[PDB]
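*Asks:* Generate a structure from the sequence data that follows.
(chains A, B, C, D, E, F, G, H, I, J, K, L, M, N, O, P, Q, R and S, ligands or ions: 9)
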Amino acid sequence: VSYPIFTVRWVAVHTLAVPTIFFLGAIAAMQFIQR
Amino acid sequence: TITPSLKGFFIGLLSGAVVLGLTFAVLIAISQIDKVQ
Amino acid sequence: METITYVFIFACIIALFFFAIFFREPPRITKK
Amino acid sequence: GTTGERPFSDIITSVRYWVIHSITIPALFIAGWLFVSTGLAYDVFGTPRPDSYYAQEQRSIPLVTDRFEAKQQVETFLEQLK
Amino acid sequence: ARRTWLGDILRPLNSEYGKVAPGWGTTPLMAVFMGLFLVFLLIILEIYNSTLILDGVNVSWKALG
Amino acid sequence: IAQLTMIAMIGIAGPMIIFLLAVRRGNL
Amino acid sequence: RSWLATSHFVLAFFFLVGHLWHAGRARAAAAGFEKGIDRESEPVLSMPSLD
Amino acid sequence: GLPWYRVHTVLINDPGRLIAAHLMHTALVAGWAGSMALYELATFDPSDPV
Amino acid sequence: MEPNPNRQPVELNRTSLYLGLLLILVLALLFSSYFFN
Amino acid sequence: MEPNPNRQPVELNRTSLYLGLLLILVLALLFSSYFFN
Amino acid sequence: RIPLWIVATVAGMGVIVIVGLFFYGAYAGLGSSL
Amino acid sequence: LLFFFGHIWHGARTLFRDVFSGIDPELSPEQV
Amino acid sequence: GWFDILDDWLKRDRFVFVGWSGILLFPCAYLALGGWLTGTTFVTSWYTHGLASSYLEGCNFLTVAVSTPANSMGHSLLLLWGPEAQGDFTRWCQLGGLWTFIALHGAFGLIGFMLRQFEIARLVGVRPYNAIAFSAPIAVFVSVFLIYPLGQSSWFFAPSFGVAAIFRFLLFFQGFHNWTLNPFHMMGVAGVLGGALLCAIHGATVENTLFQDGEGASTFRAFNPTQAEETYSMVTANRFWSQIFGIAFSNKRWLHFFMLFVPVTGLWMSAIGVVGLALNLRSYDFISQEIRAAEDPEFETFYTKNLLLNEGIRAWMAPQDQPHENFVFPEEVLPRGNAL
Amino acid sequence: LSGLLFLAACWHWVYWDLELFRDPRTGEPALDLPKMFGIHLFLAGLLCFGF
Amino acid sequence: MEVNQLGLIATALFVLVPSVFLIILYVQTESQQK
Amino acid sequence: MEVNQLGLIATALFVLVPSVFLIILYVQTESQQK
Amino acid sequence: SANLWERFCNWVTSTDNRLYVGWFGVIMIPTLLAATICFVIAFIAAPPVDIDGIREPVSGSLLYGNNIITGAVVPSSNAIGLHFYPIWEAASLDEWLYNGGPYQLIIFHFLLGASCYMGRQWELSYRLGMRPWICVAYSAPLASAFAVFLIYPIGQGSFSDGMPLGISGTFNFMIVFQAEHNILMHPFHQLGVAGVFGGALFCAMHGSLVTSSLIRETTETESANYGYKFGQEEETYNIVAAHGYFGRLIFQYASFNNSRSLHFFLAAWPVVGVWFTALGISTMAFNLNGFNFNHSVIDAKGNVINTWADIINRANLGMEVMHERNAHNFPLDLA
Amino acid sequence: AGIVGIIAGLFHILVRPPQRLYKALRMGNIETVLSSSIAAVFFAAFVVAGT
Amino acid sequence: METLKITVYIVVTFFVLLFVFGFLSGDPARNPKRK
Ligand code: CLA
Ligand code: CLA
Ligand code: CLA
Ligand SMILES: C=Cc1c(C)c2cc3nc(c4c5[nH]c(cc6nc(cc1[nH]2)C(C)=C6CC)c(C)c5C(=O)[C@@H]4C(=O)OC)[C@@H](CCC(=O)OC/C=C(\C)CCC[C@H](C)CCC[C@H](C)CCCC(C)C)[C@@H]3C
Ligand SMILES: CCCCCCCCCCCCCCCC(=O)OC[C@H](CO[C@@H]1O[C@H](CS(=O)(=O)O)[C@@H](O)[C@H](O)[C@H]1O)OC(=O)CCCCCCCCCCCCCCC
Ligand SMILES: CC1=C(/C=C/C(C)=C/C=C/C(C)=C/C=C/C=C(C)/C=C/C=C(C)/C=C/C2=C(C)CCCC2(C)C)C(C)(C)CCC1
Ligand SMILES: CC1=C(/C=C/C(C)=C/C=C/C(C)=C/C=C/C=C(C)/C=C/C=C(C)/C=C/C2=C(C)CCCC2(C)C)C(C)(C)CCC1
Ligand SMILES: [Cl-]
Ligand SMILES: [Fe+2]
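*Replies:* Numbers count the residues shown, from 1 in each chain, chains lettered A, B, ... in the order given. Ligands and ions are numbered 1, 2, ... in the order given. See below for the structure:
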């Protein structure tokens, strides 16, 4: 078939996918903070 | 009259309407771009 | 007085139990 | 059993996807990392740094004690080098 | 059925059964008071919750006498 | 210090011994 | 003593379940119904009603 | 027939007996009010409002 | 008077009676302690 | 089992209910005093 | 076309790695006790 | 808080009076 | 008319059905989930409870949480632009604005979601018993995260969003409200515990009373997605339980309604109990017991024992659990048994 | 007031089939809710005002 | 006053129990077809 | 012991009244012809 | 007589018995009757029990000042520990009731019978030609009773430490447990509540979905239940309409369409979850407790920065410090 | 509120319900007057409990 | 008291024998088909 790209599903998927990775990256950095 | 907290209330009452606006704006628009039958 | 009340209800539940198991409505198939 | 959306399977397999996401995914990652590692996050959320819970001597907690003048009260808590 | 004095006098008030206005009738006008009521409540709520302070309105056992 | 070097190889080893089989196509 | 004792109780237990499971299957496998009740010859349907 | 928790559906469209019903209800609520009062008047002590 | 045509009969099967009584009794066994307090 | 052929139905007319209740209630009005003693 | 079974086992190890980094961080970070 | 449930119940029973007692035929779902 | 076109678009059968409800659901639901995930990793609870509560500070998935606002805030809605935060974001965070954010947002998200069920049901033309059921989880959220703290001094005593932060909510209710001794909580557990039984028992009863509709052992494939005959012998199941338990179902319509009733009724009862705990109208004691325990020093029940456990919980926790009270309990005033 | 409402409830029970509840058109029981609501609401506000 | 504690329940059960009996019958009579 | 005086009648009526209700129905159901 | 014993075995195993007294039943039925009869008598008239072996009798029976909610059957003495205490081990019954003798007679007979009850749940399934495994679902609740009535006592060194047989007595078992093991902070318990919460959830899920998608065959004023006859050929609900709705609630592939895969999940979830909860009590019976994050996050100077984990510890100390008032003589609680 | 109540009442005694609504809120079906009333009744309830 | 021990023991032996001599009695045989 001739499927589209940007769809509603796409939007949704990204609202959760994009922040997640941004957080997983943030957290991953925290593993090195100390005192 | 028109106290700081009253000003804030408008700021929130206005910033809210906007969200309702842009939301229903986009919606009404994209809605009228496909639905053939 | 309280003891009597507690035991009574209990005795009543067990009575129920009996009747429920041995005096239920026979479960009839298809033609019900 | 179907709708307009392009079957994930195909996409997660399309070389195009990875050519895109090999860039996009690590990008977001390195961003968030920097968000923490540059100490920015600490200021965006007023979260104390390991050396900012108490003042050197003080062992008391900066408990906010009144609603309306709270923000003002909070600011003063940062004053004592907390 | 069974008509009665009072029954007849009240007969008009109950007869226009299924009578509806056409299309979207008064709907839009209604949808305005509705939004007004919604804002009205949010105000008196936020006033009670001391989120919206107004010199003159002291939400306490005081301001009484 | 960083024996993660070890894990890495012996880790990609497992999928490898079946990957080479997806290439030489046979007996999976 | 704490590590050993706990690990081995978990294992011991699940194995008793494993037992039950494989023993229950074997008895149904043998006699031959470990895959469902024969739609046609449904055993229960040939037994008198206890009701 | 009707399950126990549906016995009152016998009024869903019988405006007469529906009014007969709400009248009885109102009667009970008014009745309770009257008599709950008397109960308080028979036990309330006015000897000290302080 | 005319026999009101809106009436149906009422029913409660044996199982329901049992299920019923079980609920009443056990509730009583649960709350009696607090009633005697 | 065979449906026992010795059973008949039981009946209590409306008047009997009334006459019954009247008896129960008034007896209660007569003995309650002695019950509370 | 990238074979699915590879997309998984790669994205798989990738998770065991990040989630494992978290577990290491529990004996070094601020969440330590030392 | 109890009455809320009454609302949710009676409300439902009004907008779904038709499908009350059960449903019936066809097999449409996943295709507009 | 645009309306019917707006409608048309929304009610379109996509991968993730939007619908009218979605206009309420998705915005909130996402913000709620988002705010938590935000606070969980970045915002602190220092200025609010004198507690570290985020990954950024060193907390792990168990110890992390979005803690309630100060007790000073009272029942304030704590709007970002309200008298407290004053439009400022950072301050808002430090005053526990993210709590009322998650709470109130998530609250509407549950309204939207039930509405969705209601809306989707209607379209698909099925009965809304999925909506009725979902009333139970609402009641719980409403009574515990809203009604409860609304009866107390402030939001501070509402359960904080987090794993560990919820365990203390449990321990608190024991120590202070003697919640386990509450008739409504008991019914609660009776429903959830009993509901988790029906789940298990019915599932197992079905899988092991199945007809053979295939030649394989893994009987999963052997199922007819397009109705027809019953996939499991309802008649055999009946006889089984009728001989092992003495009682057994025999009307799938009832057996399934029962499965809705039990856990939904349970959660409702557990809610009422808490609604009473708001006003502190608890089921703390049995007067007849206390009176005998006073006069007679040798009378001891598992009940009296428990109350002493509560005394210890209150005395040893209250200090760091209620900072705003500036509690100071000298070692000598602290109740303690022998040696310990 | 309770005693009176009682007697009233009785009368309305026996004389359930008053014509007022039958729709002239369909000749079957019916109540024009929309207009009733208006009526009642008028009386409410009228009494509310007075209070 | 200084009455009997069981007086209340003695009077209550004395009224309910037999009245309850009658009602059970009447209603079961009343609902017999034809 | 030192219990509530009304506890007994509260429990009694709590059991009887609704049980009595059910029984009234069941028996009236049970006796409906055909 | 075709042969007495041959007949006996044919009766016992007979599938024509109202209640299937099985082979396991031959052990079950007597053991369960002893347990129940002893219980009922104990709970009502048994005298005070010196549970903690410190001569400080705890009365838990009705006739001795208790009500349903507080009353219980008190665990055997701590002086007895794990020793076997059968009636014939006491100079008299008076001594036996004082040292919590009834408790053992009850727990042992119950656990015994409740096991055979599982064995029976297999047997009948065998005699009826149906697949087994139902008994494997019942293995979870049983494995808990075992964990709570036998494993924990063996582990802790005394039956006095087993869960009491009563409402309030159970709450005691919990509150104290938490203090000594911090169970809320243990993976196995969390999985347990997941299974239980989830169970109730799914139980409501299934229950609703199905009942809501029933094929109409009933009147508007007739119980929707009657639309089903015991012994039907076809299904009574539209599992395709059910899946249609639920598939739209979340999204298609996150919804069941296979009744068999549905029901397996329906059974698998709680049983597996409860299995772990049972393994939790059985693991913490050897003092391998929940996570201890006390004083974990500390600041740059060394000060201790509290977390909710610490606030939990205070609540725990209160329980610790107050339970068994007069039973401890030394610093550490190692029993 | 009394006056507004008197005004609003008259309106509903005169103006009829827009077809769209009468259809949507299944008017002319008394079991919906209930659904709405209850919603108001419990709203009133939650408020008096607060004051 | 020494008696009770004896009696109990006997009683338990009875049932435990009935149990072993039971499944021994060709129990697999007892079932719907294949035996
Ligand atoms: C549509 C879904 C939705 C809903 C229901 C809410 C609801 C809410 N949000 Mg919110 N929010 C949403 C989406 C939504 N949000 C999105 C998408 C975002 C991201 C941008 C946010 C971001 C956000 C933030 C950052 C905050 C909230 C907050 C709040 C709460 C209080 C806000 C308030 O006072 O509103 C006021 C209500 C209105 C403005 C509605 C007005 C409608 C009328 C009809 C228009 C009239 C306009 C006109 C000018 C008035 C004339 C009157 C005249 C006399 C002046 C409230 C529960 C606050 C909160 O959580 O505090 C704890 C808060 O800080 N939200
Ligand atoms: C505004 C008040 C109100 C009114 C007028 C109705 C009216 C009605 N409801 Mg109802 N309902 C209400 C509130 C109300 N409900 C609330 C708040 C709830 C949630 C708790 C429900 C839940 C509910 C359900 C679940 C059902 C109904 C049904 C019905 C209908 C049949 C009634 C029936 O025969 O019951 C029979 C009544 C009895 C024989 C049993 C009553 C036993 C009660 C529980 C014991 C307590 C009695 C005590 C005096 C009550 C004190 C009143 C208190 C509020 C002060 C009827 C139209 C039924 C219907 O839809 O049928 C298809 C139905 O299934 N209702
Ligand atoms: C003859 C008329 C009459 C009068 C004068 C009274 C007078 C009184 N009654 Mg009363 N009562 C009446 C009829 C009357 N009753 C009837 C018919 C019943 C049976 C239903 C009762 C049942 C009753 C009870 C059970 C009680 C009283 C009580 C009282 C006393 C306290 C009043 C109170 O605070 O009300 C409070 C008023 C409200 C509940 C406010 C109503 C406002 C609602 C919430 C709005 C309704 C929504 C509305 C339609 C929206 C449109 C409005 C529009 C303008 C916007 C008072 C002496 C109380 C008393 O102390 O005992 C003796 C009491 O407990 N009455
Ligand atoms: C704690 C246990 C528990 C959880 C976690 C849970 C979760 C869920 N239940 C659902 C449904 C149900 N549950 C039901 C009966 C039950 N559910 C129960 C117990 C639970 N149910 C019990 C005991 C019952 C028996 C009465 C029914 C009948 C349904 C459904 O129909 C529905 C479903 O679809 O099932 C699969 C789903 C609704 C999703 C949604 O509305 O998103 C949209 C809304 C969002 C995302 C906003 C949520 C905001 C909340 C209030 C704030 C949360 C704060 C943080 C985000 C969370 C972290 C905080 C924690 C760490 C404490 C969701 C997966
Ligand atoms: C120290 C040792 C003590 C030994 C005691 C003496 C021996 C036992 C005497 C039993 C007397 C009581 C009779 C009971 C009748 C009966 O149960 O129903 C009668 C039915 C029909 O039996 C069928 O009855 C038939 C006769 S007739 O139908 O009853 O006329 C008969 O032909 C057939 O064989 C029979 O199976 O009995 C059965 O179906 C067999 C199962 C019996 C199960 C026993 C009870 C199980 C208890 C489990 C544990 C519960 C714990 C407590 C819970 C409350
Ligand atoms: C707050 C706020 C807001 C919002 C924001 C947002 C919306 C956010 C989002 C966010 C997000 C959205 C985030 C996310 C995150 C996520 C994460 C961080 C995850 C992690 C995960 C993990 C780690 C996993 C794990 C696991 C599991 C769980 C299972 C098992 C396996 C594994 C291991 C894989 C706004 C601005 C509006 C306003 C202000 C306020
Ligand atoms: C006829 C008449 C008369 C008389 C009248 C009268 C005398 C009346 C009375 C009346 C009354 C006297 C009434 C009463 C009523 C009451 C009620 C109606 C009550 C109810 C109650 C309830 C319902 C409760 C409930 C409960 C309980 C029990 C417990 C829990 C909680 C609750 C609250 C829920 C006269 C002479 C005038 C003249 C005219 C005629
Ligand atoms: Cl203790
Ligand atoms: Fe099912």
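
*Asks:* Indicate whether the helix ranked longest in chain N makes contact with ligand 3.
*Replies:* As assigned by DSSP state H, the longest helix anywhere in chain N is helix N:33-50. Yes: Helix N:33-50 lies within reach of ligand 3 by CB under 6 Å from any ligand atom, at N:41, N:44, N:45, N:48. From N, CA and C alone the C-beta is placed, and that goes for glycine too.

*Asks:* Now the second one: closest residue in space that isn't a chain neighbour?
*Replies:* Going back to what we said before, that points to residue N:44. Nearest non-adjacent residue to residue N:44, counting by CB to CB, 6 or more residues apart in numbering or on different chains: residue R:5, 5.7 Å away.

*Asks:* residues making contact with the helix or strand where that neighbour lies?
*Replies:* In this structure, residue R:5 is located in helix R:2-14 according to DSSP states H and E. By CB atoms under 8 Å, 6 or more residues apart in numbering or on different chains, the surrounding residues in contact with helix R:2-14 are N:34-35, N:37-51.

*Asks:* neighbours around the residue of chain O found nearest chain E, how many?
*Replies:* For chain O, the residue closest to chain E is residue O:30, as judged by CB to the nearest CB, at 26.8 Å. As a burial measure, residue O:30 scores 15 neighbours (other CB atoms under 10 Å in any protein chain shown).

*Asks:* doesn't residue P:27 make contact with it?
*Replies:* No: using CB atoms under 8 Å, residue O:30 is not in contact with residue P:27, being 11.0 Å away.

*Asks:* Show me which residues of the helix holding residue R:5 are buried.
*Replies:* For helix R:2-14, burial by neighbour count (16 or more other CB atoms under 10 Å in any protein chain shown) applies to R:5, R:6, R:8, R:9, R:12, R:13.

*Asks:* How many neighbouring residues does the residue nearest to residue R:16 when sequence neighbours are not counted have?
*Replies:* Nearest-residue entry for residue R:16: residue E:21, 4.5 Å, with adjacent residues in sequence omitted and distances by CB to CB, 6+ apart. Residue E:21 has 17 neighbours, counted by other CB under 10 Å.

*Asks:* same check, this time on residue Q:183
*Replies:* 21.

*Asks:* one step back: return the member of the residues of helix N:33-50 next to ligand 3 nearest to ligand 5.
*Replies:* Distances from ligand 5 to the residues of helix N:33-50 next to ligand 3, taken as CB to the nearest ligand atom, are shortest for residue N:44 (59.9 Å).

*Asks:* what does chain O have sitting close to chain P?
*Replies:* Within reach of chain P by CB under 8 Å from any CB of the partner chain, chain O has these residues: O:5-6, O:8-9, O:12-13, O:16-17, O:20, O:23-25, O:27-34.

*Asks:* For chain C, which residue occupies the most central location?
*Replies:* residue C:16 (1.5 Å; CA atoms, centre = their mean).

*Asks:* Work out for me the element the closest residue to that residue other than its chain neighbours sits within.
*Replies:* Nearest residue to residue C:16 in three dimensions, chain neighbours excluded: residue I:21, at 5.5 Å (CB to CB, 6+ apart). Assigned by DSSP H and E, residue I:21 falls within helix I:14-36.

*Asks:* Contact partners for the residue of chain A found nearest chain M?
*Replies:* Nearest to chain M in chain A, going by CB to the nearest CB, is residue A:9, at a distance of 4.3 Å. By CB under 8 Å, 6+ apart, the contact list for residue A:9 reads D:5, M:14, M:15, M:16.

*Asks:* Same list, those residues, but as CSV with secondary structure, distance to chain J and neighbour count please.
*Replies:* Below are the contacts of residue A:9 laid out as CSV (DSSP: H, G, I helix; E, B strand; the rest coil; distance: CB to the nearest CB, whole Å; neighbours: other CB atoms under 10 Å in any protein chain shown):
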residue, secondary structure, distance to chain J, neighbour count
D:5, coil, 64, 17
M:14, coil, 61, 20
M:15, coil, 60, 18
M:16, coil, 60, 18
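
*Asks:* closest to residue Q:42 among those residues?
*Replies:* residue M:16 (58.8 Å; CB to CB).

*Asks:* measure that closest one to residue M:137 for me?
*Replies:* Distance of residue M:16 to residue M:137, computed by CB to CB, to the nearest Å: 21 Å.

*Asks:* How about the helix or strand just after the helix holding residue R:5 and chain E, touching?
*Replies:* Sequence order places helix R:19-24 as the next helix or strand after helix R:2-14, per DSSP H and E. Yes: for helix R:19-24 and chain E, the contact criterion (CB under 8 Å from any CB) is met by R:19, R:20, R:21, R:22.

*Asks:* so residue Q:262 is in which element?
*Replies:* Per DSSP H and E: helix Q:259-283 holds residue Q:262.

*Asks:* Can you give me the buried ones in that helix?
*Replies:* Buried-residue list, helix Q:259-283, by 16+ other CB under 10 Å: Q:259-260, Q:262-264, Q:266-271, Q:273-283.

*Asks:* What helices and strands are in contact with that helix?
*Replies:* In terms of contacts (3 or more CB pairs under 8 Å, 6 or more residues apart in numbering or on different chains; DSSP states H and E), helix Q:259-283 is packed against helix G:2-31, helix M:183-207, helix Q:134-137, helix Q:139-146, helix Q:152-156, helix Q:187-212.
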